[PDB]
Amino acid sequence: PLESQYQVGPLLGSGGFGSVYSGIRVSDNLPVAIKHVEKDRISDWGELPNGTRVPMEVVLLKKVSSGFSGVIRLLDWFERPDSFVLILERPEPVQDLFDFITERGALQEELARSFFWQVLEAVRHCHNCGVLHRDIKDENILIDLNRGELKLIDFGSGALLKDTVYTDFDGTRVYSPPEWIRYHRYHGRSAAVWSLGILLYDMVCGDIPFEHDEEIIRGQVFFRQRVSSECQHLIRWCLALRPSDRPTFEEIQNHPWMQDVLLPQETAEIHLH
């Protein structure tokens, strides 16, 4: 059923998230990724509309599926005796944002603007579908290099979006907000905005702004690269220590730095091709 439907290619990556392989859908040759997660390693469980016990990522990915290409699409999934297997759409050629930044250094602001805008659109889509990602970071963003389109991946640390406090977290610590560090408590949207400020800093500076818990808590941002005043302002706003001082998604997208974004295709033409 699974092994016959897909041609497994090379391992793309493995880590806390499981193991992800390149694959091809045999039926039509569609490029896919094949993600294996061991059952014992599964953090949160959910249940399907028809009531079947699945990894939360499966629940979350089904919730965000539509014609919108900003979130990686779940094509199918399978249960094995000791693991789940997720079939994801795979852009080709593709490069994660982490590698892209590594090789190119800090991104030109025009490019960071286009990329950050697309991430914001993807995250808003998740939130609008009642899904909180909880691990927004450069390693969880794929770049469709031909189309200039970014895709959010890995909902393995995600949760249903709620308006009450979260007291669990298993995303990436250096992207996690000061309230999580200090109090083990955060709200979904304002924690997301914090991680987005970390991400935006990462794009325009070539590295994350904080490494140690103490730096996260202090929230003092130092710019190691030349970054425009308007970009700096937005970053510092996203990284407000008090969650209620952070911009809403609407406020981020209305920020002067965010105006006149390139289209994804223009972005690929100017910056990727």
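For the two forms, the rigid core is made up of the largest set of C-alpha atoms that agree within 1.5 Å on superposition. Numbering starts at 1 and follows the sequence shown.
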item: RMS Cα shift after core superposition in 4 other deposited structures of this protein, winner of 10-18 and 247-255; value: 10-18
item: Between 238-246 and 47-55, the one whose CA atoms sit farther away in 4 other deposited structures of this protein (rigid core aligned); value: 47-55
item: 21-29 versus 260-268 - greater average Cα B-factor per the deposited record; value: 21-29
item: Comparing 168-176 with 199-207, the one whose average Cα B-factor in the PDB entry is higher; value: 168-176
item: Member of 109, 82, 154, 139 with the greatest C-alpha B factor (per the PDB record); value: 82
item: Among 34, 48, 227, 238 - the residue whose C-alpha B-factor is largest in the record; value: 48
item: Cα B factor band for residue 232 (lowest, middle or highest third within the chain); value: lowest
item: Residue 102 - Cα temperature factor, lowest/middle/highest third of chain; value: highest
item: Lowest, middle or highest third - CA B-factor, residue 135; value: lowest
item: For residue 128, the third of its chain into which the C-alpha B factor falls; value: middle
item: Among modelled residues of the same chain, the CA temperature factor third for residue 121; value: lowest
